[PDB]
Each structure stands twice: as structure tokens, then as C-alpha cells.
């Protein structure tokens, strides 16, 4: 897969973010993860974790997988990198997202992310506490 440039417009929640991509504002949905909604337990902590990660980044990059690049709501589906660190993985590693929504074809980083989740569980972090 290939990393492409983008700029932060606005943090939304734990697993969605508004970015400018090829000069167009787009809501991005993080592949392969599910954060709780803001109105659920660990929702606010997830939102804050993603927000800090993208807001502190000097460089945001997106990486589409081999499959569907936009979902039924028009959100871009991507792995999003903040100064070279994947937000998707970082969520999971901290137990603020579960590996989820794993659809054939858009599953390149599945193994990396399940590995993170297994560690987060072993540590009983957040959701796993």
C-alpha cells in the first residue's frame, strides 16, 4: 500500500477524522477498528486519544487498502499515520478500539492490529479492564 499526503481539518471522534485529501474535505473512517461512540464508556477517552494524535502531528498521511476506498456514507476508508505512527494500531494497542469490521480485500493490516489487541487485552487496558 502507499502513503499519501493529507492535512487535518478537524478531529471528530475515536475512529473518524476530517481531513483534506487531494484538496477536498473528506471524513475518514479508520479501517479495521471500532472505537466506542462518544456517549459510551471509553468514548471520550478514544476521541481524546485520536484528537491528540492527529492534532500534534506535523505530518498526516493516509493509506488506502486494496478494496473499497469509500463506504456507504461517503467516508474514506484508510490507515491514517501521524508522524509515521498508525492511529488505527495505536488505538487498538491502548485498548481504546477493538479490531472490527474486517471485510475481505480491505484487511492488509489485520495481523498487525490483532497483535496489538492481544497485547492490550493481556494488559487489561481500558476496554479490556
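Positions refer to the first chain, counted from 1.
Legend: mean Cα B-factor per stretch from the PDB entry, 82 to 90 versus 54 to 62; the higher mean is in 54 to 62.
Comparing the deposited coordinates for 27 to 35 and 65 to 73, the stretch with the larger average C-alpha B-factor is 65 to 73.
When the modelled residues of the chain are ordered by their C-alpha B factor, residue 119 lands in the highest third. The entry lists a Cα temperature factor for residue 111 that places it in the middle third of the chain's modelled residues.
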